[PDB]
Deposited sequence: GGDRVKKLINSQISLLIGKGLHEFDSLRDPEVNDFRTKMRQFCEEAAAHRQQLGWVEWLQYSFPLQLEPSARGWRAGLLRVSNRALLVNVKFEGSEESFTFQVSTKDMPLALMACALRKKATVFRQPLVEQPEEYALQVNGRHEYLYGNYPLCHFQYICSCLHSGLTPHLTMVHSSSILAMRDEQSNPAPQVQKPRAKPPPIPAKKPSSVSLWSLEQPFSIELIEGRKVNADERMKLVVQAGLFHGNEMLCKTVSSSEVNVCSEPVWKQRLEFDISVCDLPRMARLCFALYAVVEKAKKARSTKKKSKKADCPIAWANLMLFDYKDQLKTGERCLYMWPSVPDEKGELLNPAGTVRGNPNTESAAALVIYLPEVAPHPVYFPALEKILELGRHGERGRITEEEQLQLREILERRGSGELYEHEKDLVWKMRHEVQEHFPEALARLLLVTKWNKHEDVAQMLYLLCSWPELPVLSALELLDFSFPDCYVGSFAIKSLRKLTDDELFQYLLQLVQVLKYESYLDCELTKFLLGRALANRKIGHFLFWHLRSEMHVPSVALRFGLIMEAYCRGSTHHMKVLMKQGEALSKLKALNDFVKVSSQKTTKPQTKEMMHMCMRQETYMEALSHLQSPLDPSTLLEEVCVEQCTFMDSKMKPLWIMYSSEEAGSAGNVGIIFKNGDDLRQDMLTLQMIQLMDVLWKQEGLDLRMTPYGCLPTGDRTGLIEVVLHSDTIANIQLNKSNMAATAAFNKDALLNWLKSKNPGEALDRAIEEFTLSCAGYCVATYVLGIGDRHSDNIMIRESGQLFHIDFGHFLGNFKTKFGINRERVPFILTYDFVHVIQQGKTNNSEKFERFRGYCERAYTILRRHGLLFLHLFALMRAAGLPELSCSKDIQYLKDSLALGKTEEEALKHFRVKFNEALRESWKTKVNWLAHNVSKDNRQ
């Protein structure tokens, strides 16, 4: 009776009725659902018997300063849970939270006149009106909240939570092949539901691929006239023996009418998930094209009513079922071989090509010397896997014998092995095995990417699915973001199945979070409906009248209930409590996004947050551009360079639907540039507007930090926008914070999509120099910041180049081919030495400085 209640709720949350999974009557889906439910059930169980501190590490994972993960006078306002009274203590930034708790329980004792039994080990420090906690043995300054407070000059507000209270929340949440030498062949029987120009003839181009690389030369079909139902019944004979086919082998098809014009495409794995070599008739429900597309999904098109079907016949090779040899048989064959016996002369050449694409003889050198490659250069695994001939059974057995006994690579090297260039499942398992060491902070930084690698998966049940699920159930934030990255792509038919199953499994592992995300979903349902009125009304009537019948609408009992008392999809630590209906408006852009305001009694001024709801644009590129800027900011802070960046939240939630974080107390450059009369910023020259503006937002001595806050953020934004190749930078998409902090918004076109140069703007160069015309001292400190930020970004170029490589799986039209990844392999300048790249960056900056001189002349 509780089950059907849970199952109706899962289906509603994922926006796909679980009956549809059963309807397919697919044994691969039916096994994932049983196998993965069990895993998640085991997880939930282990989680319900966690310690009170351990539970904190789940529900509220520590938010630490990049500098700290891996002295100064500070006033702090601590209170106790069931209390109205509070205390202000003058702690230090070097103090552990415990000394504060010890301080708080001493003050409580004296006030309440009682010799207190309580110890500070029994307590935790909640951030007031937040799902943020201050625990462990880390100085206060190490905590992101405490640190933000010092910069903003604000007083940290903490509530003392007893172990009993945490436990009370913990509780309230309890739920043989190698013999077959014949050349692999197929029968292209017929086609169905095809549409093409009568004047042409149809062709089927089939090819055998292992990731991207061809396993052999592709074979085309006979030219058969344009018919909705064309018939071939021909034998497509491929130049590859049945034994030689690898385990992760995929057969790709291309249907195209020629006089070139592609109709559709469809791929499939020759081996089933249970390692059986597929035999019988197969009807490939193709996907529309825009000649082979390996990377494309191996499971058929769901809408079978429009889709052009291709019926093929996998012939019976042996008299009984053939299963891919087990590792036992694989390691036996690859054990024996001739070891790499070569001259120190050719060993020198080997170190060169490994430390440094490569020539044919060079590959042969990497393959003959594979044992040395494992012994003295293990990080060079990927390059060795690329010299391997996956179209010969014995070379693969040789490779997998070296991998099985290969040392665990670092996290940076394991990210390369997730890419489609390495489709071997034992290589991927090893990749995840080398990735397991990932810190929960690190994992979260690369989760967007590892979730995109799920689209490169051949089979439903895989290491990556199990690893992400197990990690998501071990950290409520990872679980929050995992769900939303999955949920947002349910409209896409090529993933709706996989994703739905992943999310259904997750729900079995966290019944309570399933209720929390359903609460969030129900709010976004109302916002989609509200935005629809706004889109319509903004056309007919004026903004004051739309802004009013939108409030009236939000005032309704359904709206008031759904839009209030929830966690933010933008950050689950953020508790969007009571909605400020009067403070709610909508931007005047094409889509008419919504500005939703929130406020809290508990959180206080730190609880007055805002969100932006947008329906109409694809939000996946901005999300990527902002994760990159945030990573840039993490990589800089790690080297002690804090360029005071603002990577505000962005999160796609559904079909062309998402949320953007309101950065309160910020305004677009342009708005200030308007130089309106009767204001506190009204200038005699347009050059002054920003400076005069900062003056008013930063009186007296406060101006000097604001200018410096401006300089750093500007250094970082120039450097963030150069590397990423962010174009279309007008006055609108640049915003300034009252603190002086500068930031960018609306990331329409990155990776030069032609070739975006270094950008410098005299209106900000006038602010940097503190109003002065010639101020080489202050300006050249800004040039120094740019150089520092640029060189730190280059030293992590393989990290950006690996996260952009994997991100190709999303299908962002400004990130799909080789040239897009060349952009970073040109901006981060990884061919040139640090000195040769620094030479070229200064030459790029000076050119921008000269370009900025178009205004200094006028």
> Which deposited-sequence positions, grouped into ranges, are missing C-alpha coordinates?
Replying inline: 1-3, 74-82, 188-210, 295-310, 342-347, 414-417, 815-823, 929-940
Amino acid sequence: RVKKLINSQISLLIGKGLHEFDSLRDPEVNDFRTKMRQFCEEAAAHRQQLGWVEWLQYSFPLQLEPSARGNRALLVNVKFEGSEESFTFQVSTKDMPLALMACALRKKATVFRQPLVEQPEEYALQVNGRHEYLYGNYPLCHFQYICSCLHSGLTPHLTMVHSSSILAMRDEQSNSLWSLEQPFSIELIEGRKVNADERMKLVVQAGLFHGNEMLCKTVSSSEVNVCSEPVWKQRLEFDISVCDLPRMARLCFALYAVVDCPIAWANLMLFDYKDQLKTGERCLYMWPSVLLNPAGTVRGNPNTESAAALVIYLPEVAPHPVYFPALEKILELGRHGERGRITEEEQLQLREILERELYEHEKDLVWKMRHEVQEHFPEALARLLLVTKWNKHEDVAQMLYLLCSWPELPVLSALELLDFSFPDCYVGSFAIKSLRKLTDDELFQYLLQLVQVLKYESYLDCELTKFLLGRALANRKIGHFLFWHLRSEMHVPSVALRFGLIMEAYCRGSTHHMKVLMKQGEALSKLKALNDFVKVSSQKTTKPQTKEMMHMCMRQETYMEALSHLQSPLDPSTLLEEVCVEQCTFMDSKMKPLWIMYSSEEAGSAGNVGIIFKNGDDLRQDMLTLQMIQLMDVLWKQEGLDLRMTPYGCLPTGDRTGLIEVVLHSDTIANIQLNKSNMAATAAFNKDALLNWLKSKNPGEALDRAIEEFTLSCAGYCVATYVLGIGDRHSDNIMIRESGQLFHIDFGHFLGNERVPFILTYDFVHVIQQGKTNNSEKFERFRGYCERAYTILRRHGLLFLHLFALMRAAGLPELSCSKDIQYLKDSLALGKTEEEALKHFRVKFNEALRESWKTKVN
From here on, numbers count along this sequence of modelled residues.
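We call the rigid core whatever largest set of C-alpha positions still superposes within 1.5 Å between the two forms.
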>> Given a rigid core fit, name the stretch, 74-82 or 646-654, whose C-alphas are on average farther from the form shown here in 7 other deposited structures of this protein.
In response: 74-82
> C-alpha RMS from this form in 7 other deposited structures of this protein, rigid core superposed: larger for 85-93 or 123-131?
Replying inline: 85-93
> When the other PDB entries of this protein are compared, is residue 68 left blank in at least a third of them?
Replying inline: yes
> Hey, does residue 413 show up as a hole in at least a third of the other compared models?
Replying inline: no
> Between 585-593 and 106-114, which has the larger average Cα B-factor in the PDB entry?
Replying inline: 106-114
>> Please compare 333-341 with 484-492 and name the stretch with the higher mean C-alpha B-factor in the deposited structure.
In response: 333-341
> Which one, 372, 532, 457, 708, has the peak C-alpha temperature factor per the PDB entry?
Replying inline: 372
>> Checking the record values for 49, 833, 57, 63, which has the greatest CA B factor?
In response: 833
>> For the chain shown, is the CA B-factor of residue 281 in the lowest, middle or highest third of its modelled residues?
In response: highest
> So where's residue 27 on the chain's Cα temperature factor ranking, which third?
Replying inline: middle
> Mind checking which third residue 128 falls in for C-alpha B-factor across the chain?
Replying inline: lowest
> What third of the chain, by the recorded C-alpha B-factor, contains residue 757?
Replying inline: highest
> residue 325: which third of its chain by C-alpha temperature factor?
Replying inline: highest
